[PDB]
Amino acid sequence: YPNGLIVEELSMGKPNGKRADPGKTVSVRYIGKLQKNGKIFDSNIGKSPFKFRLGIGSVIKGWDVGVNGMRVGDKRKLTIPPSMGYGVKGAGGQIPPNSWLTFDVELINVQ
């Protein structure tokens, strides 16, 4: 297992697409999964866009680090250690304690 977060480029969007920088409100399409078994716990595909302010710590740390630097249309895979996810708490009744997480993410907009 990695010492920290792994971020993989799955595909590149627009070369001059707006860039996700700290302080921006960014809009992301995602699928979240438990890394240990691949079970999917959430997606917003076909639902409303998920917006968050990058860098303020409202999302798990793996997202604040992992989404940073994306340009619109980029797709990334995030592999997130427990300390950069929900740690001993878990979440949603869906993520057990001490879970490694995987997310597929696509940047849709930057505001």
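When you see a residue number, it is the position in the sequence shown, counting from 1.
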{"query": "Greater mean Cα temperature factor according to the PDB record, 43 to 51 or 64 to 72", "finding": "43 to 51"}
{"query": "96 to 104 versus 13 to 21 - which carries the larger mean C-alpha B factor in the record", "finding": "13 to 21"}
{"query": "Entry-reported Cα temperature factor of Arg29, expressed as the chain third it lands in", "finding": "middle"}
{"query": "Chain thirds of CA B-factor: placement of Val110", "finding": "middle"}
